[PDB]
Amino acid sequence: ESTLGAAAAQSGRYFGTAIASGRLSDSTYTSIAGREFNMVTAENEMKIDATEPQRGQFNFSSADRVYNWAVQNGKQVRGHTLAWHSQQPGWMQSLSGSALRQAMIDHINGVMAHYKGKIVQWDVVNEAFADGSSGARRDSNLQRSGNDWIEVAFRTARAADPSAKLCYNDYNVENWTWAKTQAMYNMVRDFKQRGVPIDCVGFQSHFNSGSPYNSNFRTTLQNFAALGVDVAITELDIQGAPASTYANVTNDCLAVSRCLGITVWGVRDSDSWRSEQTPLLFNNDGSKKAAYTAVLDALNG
């Protein structure tokens, strides 16, 4: 096939991107994204601040612009993200303890009701582990509400939309030897043992010199899959966009039956949150980079 999404689809997978609503008037952006991807994540518009800017007052305007663009252009949508320490609205940042717990639950219920049956995967919880050697949970208001915050978020989500695949998403969790990876593995294993609903694990895959790709990503994906979850590459970008690494990541997904697909975290390098690292598949002018060809070729076998 001649496009990433179509090539991925031949093996039953998707190839997705992050979409920014403010760029949907950019003809280069929309045409390349429309052509190349069959899955969309809202880059920012489905986060907690954007969707619930004041407590109890939902605003789906920008989120729905992304969702509607996706469906109009033949893409599925991954929902990102329901419970996260980052990009909380101020009113949520000020909450703690049981009041925060209630607000977390309320937020999940309200957002998922709006999208019930329409979103294939939700990143229910994002970025709960700390970086480094400890494997500890990240310090946040959510974590300070209790270790059970994650499980409660998942149970809430399962009740709100039984059709959605419920994903835990994180970064620095791709290298099988890292403590953070093992902390996430232990948690998912615990959840499955105890019957906490979790259907999928998302590997953000922000690869760079400090957090480099390792061939053992395949091992990580296999080992999580063996716990009885699907796996997905959710926010892929690679410092310098080397073709070799991009092919390696693609082939790791293709080698794992429960790897649903790959999303890259933007379209052109200039669209990236980390543009200075030129980490995506298209040039600033929309042309294909060497890494594009490497990914397409890998998807095509």
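Position 1 is the first residue in the sequence shown; the rest follow in order.
May I ask you to compare 160 to 168 and 197 to 205 by their mean CA B factor in the entry and name the higher one?
Taking the mean B-factor of the alpha carbons in each, 160 to 168 is higher.
Quick one: say whether 262 to 270 or 23 to 31 has the higher mean Cα B-factor in the deposited entry.
Stretch with the higher mean C-alpha B-factor: 23 to 31.
Just to confirm, going by the entry's C-alpha B-factors, which of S211, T181, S96, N109 comes out highest?
So the option with the highest C-alpha B-factor is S96.
In this PDB entry, which of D190, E174, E127, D123 has the top CA B-factor?
Comparing C-alpha B-factors across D190, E174, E127, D123, the maximum falls on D190.
Relative to the other modelled residues in the chain, which third contains the C-alpha temperature factor of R138: lowest, middle or highest?
Answer is middle: the recorded C-alpha B-factor places it there.
Classify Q54 as lowest, middle or highest third according to the C-alpha B-factor given in the PDB entry, relative to its own chain.
Highest third, going by the recorded CA B-factors of the chain.
Based on the deposited C-alpha B factors for this chain, I'd like to know if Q87 is in the lowest, middle or highest third.
Within its chain, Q87 is a lowest-third residue by C-alpha B-factor, going by the deposited values.
Using the B-factors in the PDB entry, rank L227's C-alpha atom against the chain and give the third, lowest, middle or highest.
CA B-factor rank for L227: highest third.
Split the chain's modelled residues into thirds by Cα B-factor; is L281 in the lowest, middle or highest one?
Its C-alpha B-factor, which the entry lists for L281, ranks in the lowest third among residues of this chain.
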